[PDB]
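# Per-entry structural report
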Amino acid sequence: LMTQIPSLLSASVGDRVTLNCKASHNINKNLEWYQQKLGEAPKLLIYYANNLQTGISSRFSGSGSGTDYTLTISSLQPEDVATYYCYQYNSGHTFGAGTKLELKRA
Amino acid sequence: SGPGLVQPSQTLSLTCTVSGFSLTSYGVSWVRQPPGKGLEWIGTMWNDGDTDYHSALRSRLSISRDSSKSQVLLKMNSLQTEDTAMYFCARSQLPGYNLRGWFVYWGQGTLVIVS
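The deposited coordinates, according to the entry record, derive from cryo-EM at 14 Å resolution.

See the structure below:
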């Protein structure tokens, strides 16, 4: 299964952010990350651990070992707000609870 | 499609129309999102065409497909209040030497409401 922390993530434009997930058994590197922009269906960002899909910009990167995997956004841009979900498919195909990224503004 | 309002215990069949890729070389999966935004895996088939479900819907939901007409089906039976949610279908990929684990979207949803 999966645990995603943190639940909410206030971040300023330009800032970096990190979201992580943990699992209950060893899952090699089989892990994806989804972005569900508001009012839309989710979309893929990284799969099999760390592997930018063919339209995702390189500000997103993935990493992780054993049971903990992290998604990193180096420079947060406006389009990146919404709820992120990790999806883990080494053992058996489960989603993390979600981390809502909100843009800190004036 | 196939969604709508539901009285508890009812039955319903959702569909999912795929295009440009065929179901003969692609797999499709059912994932829902409840109103409190939580995402759940409903049902899956392997590359060998074997099916699996979680306990939650085990025995009630029945995933199926038509490689000819390019259709994916979800036949929910004995609906409960907790099945209320948006239902999506996705194709799975793997490119990595292992299980085709990740459900890659292409569905726009279809809201089922059990009340």
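### What to know about the interface of chain A and chain B
In this complex, chain A contributes 16 residues to the contact, which on the side of chain B involves 16 residues. Note on chain A versus chain B: buried area summed over both sides is about 1,600 Å², and carbon and sulfur give 64% of it. On the chain A side of the interface with chain B, the three residues burying the most area are A:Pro42, A:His93 and A:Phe95, jointly 33% of the side's total. On inspection of chain A and its partner chain B, the count reaches zero salt bridges. One can count five residue pairs in polar contact joining chain A with chain B. The set of elements that each furnish at least two residues to the side of chain A that touches chain B consists of strand 4 (31-36), strand 5 (43-47) and strand 9 (82-88) of chain A. Here the residues of the side of chain A that touches chain B sort into ten nonpolar, four polar and two charged.

### Side note on the pairing of strand 8 (residues 68-73) of chain A
All names here are of chain A. Across the six residues that make up strand 8, a large majority, five, are buried. Here six bridges tie strand 3 (residues 17-23) to strand 8, and the two strands are oriented antiparallel to one another. By the bridge assignment, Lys22 is partnered in strand 8 with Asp68.

### Brief notes about empty space enclosed by the protein
This structure, assessed with the given rule, holds one cavity of 30 Å³ or more. Taken together, A:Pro42, A:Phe95, B:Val31, B:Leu39, B:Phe88, B:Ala90, B:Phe103 and B:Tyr105 make up the lining of the largest cavity. Of the residues in the lining of the largest cavity, the class split is eight nonpolar, no polar and no charged.

### Quick look at the sheet that holds strand 1 (residues 2-5) of chain A
What links the strands of a sheet is backbone hydrogen bonding, and the strands pair in either a parallel or an antiparallel sense. Residue and element names in this part refer to chain A. The strand order across the open sheet formed by four strands is 1-3-8-7, and the pairing between neighbours is antiparallel. Either end of the sheet is taken by a strand with one partner, and the two such strands are strand 1 and strand 7 (60-65). Put simply, the sheet's adjacent strands are angled 20 degrees from each other on average, direction ignored. The pairing of strand 7 with strand 8 spans six bridges and is classified as antiparallel. Following the sheet pairing, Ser63 is matched in strand 8 by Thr70.

### Describing the sheet that holds strand 2 (residues 12-17) of chain B
All names here are of chain B. Strand order in the open sheet formed by three strands is 2-7-6, and the pairing between neighbours is antiparallel. Looking at the sheet topology across the chains shown, the edges are occupied by strand 2 and strand 6 (61-66). For this sheet, the mean angle separating the axes of adjacent strands, direction not counted, is 15 degrees. Bridge count between strand 6 and strand 7 (residues 71-76): six bridges; the pairing is antiparallel. Counted as the bridge partner of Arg65 is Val72 from strand 7.

### Side note on the pattern of salt bridges
Residues and elements named next belong to chain B. Tallying each qualifying case throughout the model produces five salt bridges over all chains. Residue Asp83 pairs with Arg60 through a salt bridge whose shortest N-O separation is 2.5 Å. Residue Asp83 is found in the loop between strand 7 and strand 8 (85-93), and its partner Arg60 is found in the loop between strand 5 (51-53) and strand 6; the two are separated by 23 residues along the sequence. Each member of the pair, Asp83 as well as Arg60, is classed as buried. Among the ionic contacts, a cluster of salt bridges with common partners joins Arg32, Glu40, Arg60 and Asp83.

Definitions and limits used
Note on numbering: positions run from 1 along each chain as its sequence is written and may not match the entry's numbering; residues without coordinates are not listed. A letter from A marks each chain and a number from 1 marks each ligand, given out in the order of writing. In computing side-chain properties, one takes all heavy atoms of the structure into account and sets aside hydrogens as well as water. When checking whether two residues touch, look at their non-hydrogen atoms; a contact exists if any pair is within 4.5 Å. In this description, buried area is defined as the sum, over both parts, of the accessible area (probe of 1.4 Å) that is lost when the two are combined. The rule for a salt bridge is simple: a side-chain nitrogen of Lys or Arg has to be within 4 Å of a carboxyl oxygen of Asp or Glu. Whenever two N or O atoms come within 3.5 Å, that pair is a polar contact, provided that in protein one can donate a hydrogen and the other can accept it, and provided that, for residues adjacent in sequence, both atoms are side-chain atoms. By the criteria applied, helices consist of DSSP H or I runs no shorter than four residues and strands consist of E runs no shorter than two, each listed in order from the N terminus. Under the scheme applied, nonpolar residues are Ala, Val, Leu, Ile, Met, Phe, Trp, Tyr, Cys and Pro; charged residues are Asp, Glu, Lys and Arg; polar residues are all the others, including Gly. Buried residues are those whose accessible area, probed at 1.4 Å on protein chains only, stays under 20% of the maximum for their type, while exposed residues exceed 50% and partly exposed ones sit between those limits. Here, strands pair whenever DSSP counts at least two bridges between them. The distinction between a cavity and a pocket rests on a 1 Å grid over the protein atoms alone: a 1.4 Å probe fits inside a cavity but cannot get out, while a pocket stays open yet meets protein on both sides within 12 Å along at least five of seven lines, and a residue with an atom within 4 Å of a point counts as lining. Grid points are joined across faces, edges and corners, and a volume is the space filled by probe spheres set on the points. As a rule, the C-alpha atoms of each element are fitted with a line to give its axis, helices using only the stretch in contact, and angles between N-to-C directions run from 0 to 180 degrees.

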